[PDB]
Amino acid sequence: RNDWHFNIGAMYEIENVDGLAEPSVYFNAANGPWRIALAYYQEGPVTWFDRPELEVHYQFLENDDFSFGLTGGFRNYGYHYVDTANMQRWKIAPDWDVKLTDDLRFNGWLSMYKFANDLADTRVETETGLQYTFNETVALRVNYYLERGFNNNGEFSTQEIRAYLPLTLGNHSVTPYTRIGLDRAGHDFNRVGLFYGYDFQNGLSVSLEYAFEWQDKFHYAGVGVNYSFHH
Amino acid sequence: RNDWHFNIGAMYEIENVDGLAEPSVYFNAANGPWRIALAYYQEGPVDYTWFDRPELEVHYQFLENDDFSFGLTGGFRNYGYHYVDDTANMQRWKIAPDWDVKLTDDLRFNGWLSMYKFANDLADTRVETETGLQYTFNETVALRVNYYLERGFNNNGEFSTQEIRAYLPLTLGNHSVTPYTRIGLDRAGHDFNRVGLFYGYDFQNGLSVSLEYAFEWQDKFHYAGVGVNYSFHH
Ligand SMILES: CCCCCCCCOCCOCCOCCOCCO
Ligand SMILES: CCCCCCCCOCCOCCOCCOCCO
Ligand SMILES: [Cl-]
Ligand SMILES: [Cl-]
Ligand SMILES: [Cl-]
Ligand SMILES: [Cl-]
Ligand SMILES: [Cl-]
Ligand SMILES: [Cl-]
Ligand SMILES: [Cl-]
Ligand SMILES: [Cl-]
Ligand SMILES: [Cl-]
Ligand SMILES: [Cl-]
């Protein structure tokens with residue numbers, strides 16, 4: 001009688017200006033607070049690599065006024081080229097949502113990455129901000145986003161302000177979003193894009209995302225399917 | 001040739017106004033970033049209902065360097081309770097980020113956040129955090145002002161503890177002296193206060209002693225404790 005969530009799904013993504021094809025298969029299960037995610041991803045020209053990924057999530061607390069949980073995960077980048085060099089990534093993320101006002105909400109995730117051999121390299125990636133909620137269907141989100149590599153050798157900073165406007169009307173999800181990359185070591189850059197999604201009400205859903213980015217034109221386009229069965 | 005830190009130590013603590021005796025044994029080892037801590041603690045009424053804490057703890061220090069440093073602890077503790085009017089147990093899982101960040105040559109923004117989840121008998125999420133600023137005068141002297149919060153979450157329920165804490169760590173020769181005060185702001189809004197002195201000594205051979213005296217009030221409270229720690233490396 002014990003309630004499980006079994007999701008399985010896959011995504012195809014391509015980024016062009018030729019390009020990168022990105023097959024993605026994933027599935028995950030959930031019991032009460034606990035959740036487990038396995039995923040396999042691969043990157044190649046249509047030199048390549050693949051991502052085995054395991055992830056666990058414990059949701060400590062979920063209630064209106066405050067909610068938070070913690071993700072761990074392991075990923076492996078097998079690189080194959082034109083010899084098999086591998087790189088591992090350990091990820092610990094706190095993720096939270098906090099109630100300020102009926103509209104206002106302070107939430108976000110913080111991610112602590114540690115990279116294994118071949119290729120120290122600590123990394124912090126964070127997206128945290130405010131969600132204003134207009135009504136059931138519409139909400140605005142402005143986040144601060146930062147990725148930092150730490151400490152020849154070394155790494156640098158990425159800073160962006162992101163804005164999404166999630167729109168849920170009937171079976172459709174529409175989420176326009178922009179990323180304004182701030183200086184972040186240098187000059188301005190920009191991503192804009194639309195995230196469409198659809199739900200057939202039966203556990204099947206589709207995800208279509210288009211994005212343009214520039215500094216240097218960039219075209220991202222991707223699709224996905226997900227099936228949700230419970231128990 | 002591989003560098004380990006083996007520490008072992010114990011502490012005796014008593015809190016009175018009768019009172020609570022608190023035997024504590026602990027030891028831990030460290031390799032590069034990684035560290036492991038085991039500890040056993042016990043709480044009971046002396047003479048001139050109790051419980052005991054088995055505790056395991058792991059710490060990964062991701063980054064240590066002047067300008068920025070951080071790491072993450074996890075740990076498991078078990079409170080065996082034994083009583084008078086049957087052995088009921090309670091488990092506690094702890095995930096703490098801990099950080100230190102460089103603002104200025106003097107100023108430093110650091111602290112730890114702790115996420116507790118409690119197991120059966122007796123949900124109960126808990127957040128405990130101490131975060132603040134460290135001003136550094138010189139090698140020997142530094143001031144620390146932190147914000148401290150403990151929160152239990154969501155008959156049934158829990159409440160808030162809020163405090164501002166101040167320590168003045170003083171390292172002169174072999175001696176550590178750390179006066180500290182805790183001004184408890186909130187519970188339901190009554191005021192309360194702890195004051196205390198933390199003495200410590202190092203014999204330079206790996207042995208060290210820790211003597212701490214504290215008074216607290218709202219309701220007088222007397223805490224006194226001692227400890228020894230031995231550090232051998234490799
Ligand atoms: C887990 C037990 C921790 C130790 C218990 C403390 C109570 C009495 O122990 C006193 C230990 O004193 C001996 C210190 O070690 C010898 C000194 O080492 C210096 C030689 O280089
Ligand atoms: C609470 C447990 C904390 C520590 C207990 C585990 C002790 C294991 O330590 C073993 C130390 O190192 C193992 C072998 O040492 C390296 C030998 O080879 C190096 C020379 O090439
Ligand atoms: Cl987000
Ligand atoms: Cl509406
Ligand atoms: Cl937008
Ligand atoms: Cl998106
Ligand atoms: Cl202790
Ligand atoms: Cl404790
Ligand atoms: Cl602290
Ligand atoms: Cl003081
Ligand atoms: Cl002490
Ligand atoms: Cl104490």
# chains A, B, ... in the order shown; residues from 1 in each chain; ligands from 1
>>> residues_near_ligand(ligand="ligand 5", cutoff="12 Å", atoms="only C-alpha atoms and all ligand atoms", output="number ranges by chain")
A: 139-143, 161-167, 174-180, 190-195, 211
>>> residues_around(residues="residue B:220", least_positions_apart="2", cutoff="12 Å", atoms="only C-alpha atoms", output="number ranges by chain")
B: 15-17, 192-195, 214-218, 222-223
>>> closest_residue(among="B:146, B:91, B:154, B:181", to="ligand 10", atoms="only C-alpha atoms and all ligand atoms")
B:181
>>> residues_around(residues="residue B:150", least_positions_apart="4", cutoff="9 Å", atoms="only C-alpha atoms", output="ChimeraX atom specification")
/B:126-130,159-162
>>> residues_around(residues="residue A:27", least_positions_apart="3", cutoff="9 Å", atoms="only C-alpha atoms", output="PyMOL selection string")
chain A and resi 6-10+36-39+226
>>> residues_near_ligand(ligand="ligand 12", cutoff="10 Å", atoms="only C-alpha atoms and all ligand atoms", output="PyMOL selection string")
chain B and resi 13-15+196+198+212-214+223-225
>>> write_last_selection(atoms="C-alpha atoms", output="PDB file, in the first residue's frame")
ATOM      1  CA  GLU B  13      31.301  17.968  32.320  1.00  0.00           C
ATOM      2  CA  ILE B  14      28.850  18.816  35.066  1.00  0.00           C
ATOM      3  CA  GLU B  15      25.955  21.218  35.134  1.00  0.00           C
ATOM      4  CA  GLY B 196      31.805  31.921  30.545  1.00  0.00           C
ATOM      5  CA  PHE B 198      37.293  28.871  28.209  1.00  0.00           C
ATOM      6  CA  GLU B 212      35.685  25.757  30.854  1.00  0.00           C
ATOM      7  CA  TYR B 213      33.554  27.533  33.423  1.00  0.00           C
ATOM      8  CA  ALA B 214      30.163  29.050  32.629  1.00  0.00           C
ATOM      9  CA  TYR B 223      28.429  24.678  33.951  1.00  0.00           C
ATOM     10  CA  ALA B 224      31.950  23.406  34.532  1.00  0.00           C
ATOM     11  CA  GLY B 225      34.006  21.041  32.413  1.00  0.00           C
TER      12      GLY B 225
END
>>> residues_near_ligand(ligand="ligand 11", cutoff="7 Å", atoms="only C-alpha atoms and all ligand atoms", output="PyMOL selection string")
chain B and resi 11+210-212+225-227
>>> write_last_selection(atoms="N, CA and C atoms", output="mmCIF file, in the first residue's frame")
data_model
loop_
_atom_site.group_PDB
_atom_site.id
_atom_site.type_symbol
_atom_site.label_atom_id
_atom_site.label_comp_id
_atom_site.auth_asym_id
_atom_site.auth_seq_id
_atom_site.Cartn_x
_atom_site.Cartn_y
_atom_site.Cartn_z
ATOM 1 N N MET B 11 36.418 14.183 28.087
ATOM 2 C CA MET B 11 35.937 15.389 28.704
ATOM 3 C C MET B 11 35.041 14.926 29.827
ATOM 4 N N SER B 210 41.621 21.181 28.670
ATOM 5 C CA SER B 210 40.594 22.185 28.448
ATOM 6 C C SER B 210 39.723 22.368 29.681
ATOM 7 N N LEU B 211 39.781 23.566 30.257
ATOM 8 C CA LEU B 211 38.959 23.916 31.407
ATOM 9 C C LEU B 211 37.968 25.035 31.068
ATOM 10 N N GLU B 212 36.683 24.774 31.213
ATOM 11 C CA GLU B 212 35.685 25.757 30.854
ATOM 12 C C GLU B 212 34.736 25.957 32.032
ATOM 13 N N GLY B 225 33.485 22.214 33.086
ATOM 14 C CA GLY B 225 34.006 21.041 32.413
ATOM 15 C C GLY B 225 35.494 21.059 32.117
ATOM 16 N N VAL B 226 36.045 19.862 32.006
ATOM 17 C CA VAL B 226 37.463 19.671 31.759
ATOM 18 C C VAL B 226 37.627 18.626 30.658
ATOM 19 N N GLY B 227 38.806 18.581 30.078
ATOM 20 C CA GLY B 227 39.043 17.663 28.998
ATOM 21 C C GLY B 227 40.520 17.520 28.739
#
>>> interface_residues(of="chain A", to="chain B", cutoff="7 Å", atoms="only C-alpha atoms", output="PDB file with N, CA, C and O atoms, in the first residue's frame")
ATOM      1  N   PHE A  60      13.889  16.938   3.659  1.00  0.00           N
ATOM      2  CA  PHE A  60      13.674  16.951   5.098  1.00  0.00           C
ATOM      3  C   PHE A  60      12.287  17.486   5.369  1.00  0.00           C
ATOM      4  O   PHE A  60      11.509  16.873   6.096  1.00  0.00           O
ATOM      5  N   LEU A  61      11.978  18.636   4.775  1.00  0.00           N
ATOM      6  CA  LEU A  61      10.773  19.356   5.155  1.00  0.00           C
ATOM      7  C   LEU A  61      10.016  19.911   3.972  1.00  0.00           C
ATOM      8  O   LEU A  61      10.580  20.587   3.128  1.00  0.00           O
ATOM      9  N   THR A 122      37.538  22.040  -6.846  1.00  0.00           N
ATOM     10  CA  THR A 122      36.260  22.276  -6.197  1.00  0.00           C
ATOM     11  C   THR A 122      35.468  23.208  -7.094  1.00  0.00           C
ATOM     12  O   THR A 122      36.050  24.009  -7.838  1.00  0.00           O
TER      13      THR A 122
END
>>> residues_near_ligand(ligand="ligand 10", cutoff="10 Å", atoms="only C-alpha atoms and all ligand atoms", output="PyMOL selection string")
chain B and resi 143-145+165-169+178-182+194-197
>>> select_by_dssp(residues="stretch 64-119 of chain B", states="strand (DSSP E)", output="PyMOL selection string")
chain B and resi 64-65+68-82+89-102+108-118
>>> decode(residues="stretch 182-197 of chain B", atoms="N, CA and C atoms", output="short mmCIF file (atom, residue, chain, number, x, y, z; two decimals), in the first residue's frame")
data_model
loop_
_atom_site.label_atom_id
_atom_site.label_comp_id
_atom_site.auth_asym_id
_atom_site.auth_seq_id
_atom_site.Cartn_x
_atom_site.Cartn_y
_atom_site.Cartn_z
N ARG B 182 26.77 34.50 25.60
CA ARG B 182 25.64 34.20 24.75
C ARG B 182 24.54 35.03 25.30
N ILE B 183 24.01 35.93 24.48
CA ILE B 183 22.78 36.61 24.82
C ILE B 183 21.67 35.94 24.06
N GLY B 184 20.89 35.14 24.77
CA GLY B 184 19.70 34.56 24.19
C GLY B 184 18.66 35.64 24.01
N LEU B 185 18.23 35.85 22.77
CA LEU B 185 17.20 36.82 22.49
C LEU B 185 15.88 36.08 22.75
N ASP B 186 15.40 35.36 21.74
CA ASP B 186 14.07 34.73 21.74
C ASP B 186 13.99 33.30 22.27
N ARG B 187 12.87 32.98 22.94
CA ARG B 187 12.30 31.63 22.85
C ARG B 187 10.83 31.81 22.46
N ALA B 188 10.04 32.14 23.47
CA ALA B 188 8.89 33.01 23.36
C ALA B 188 9.57 34.09 24.18
N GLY B 189 9.30 35.37 23.92
CA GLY B 189 10.38 36.35 23.90
C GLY B 189 11.22 36.67 25.13
N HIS B 190 11.13 35.86 26.17
CA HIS B 190 11.95 36.05 27.38
C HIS B 190 13.46 36.14 27.11
N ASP B 191 14.16 36.93 27.92
CA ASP B 191 15.60 37.16 27.79
C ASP B 191 16.39 36.15 28.63
N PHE B 192 17.49 35.61 28.10
CA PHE B 192 18.38 34.81 28.95
C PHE B 192 19.87 34.94 28.61
N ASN B 193 20.74 34.55 29.54
CA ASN B 193 22.16 34.84 29.35
C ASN B 193 23.12 33.79 29.85
N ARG B 194 24.11 33.50 29.03
CA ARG B 194 25.22 32.68 29.45
C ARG B 194 26.46 33.55 29.36
N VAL B 195 27.33 33.41 30.34
CA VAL B 195 28.65 34.00 30.30
C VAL B 195 29.60 32.87 30.67
N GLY B 196 30.83 32.92 30.17
CA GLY B 196 31.81 31.92 30.54
C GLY B 196 33.21 32.12 29.99
N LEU B 197 34.16 31.49 30.68
CA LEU B 197 35.56 31.51 30.29
C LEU B 197 36.06 30.14 29.86
#
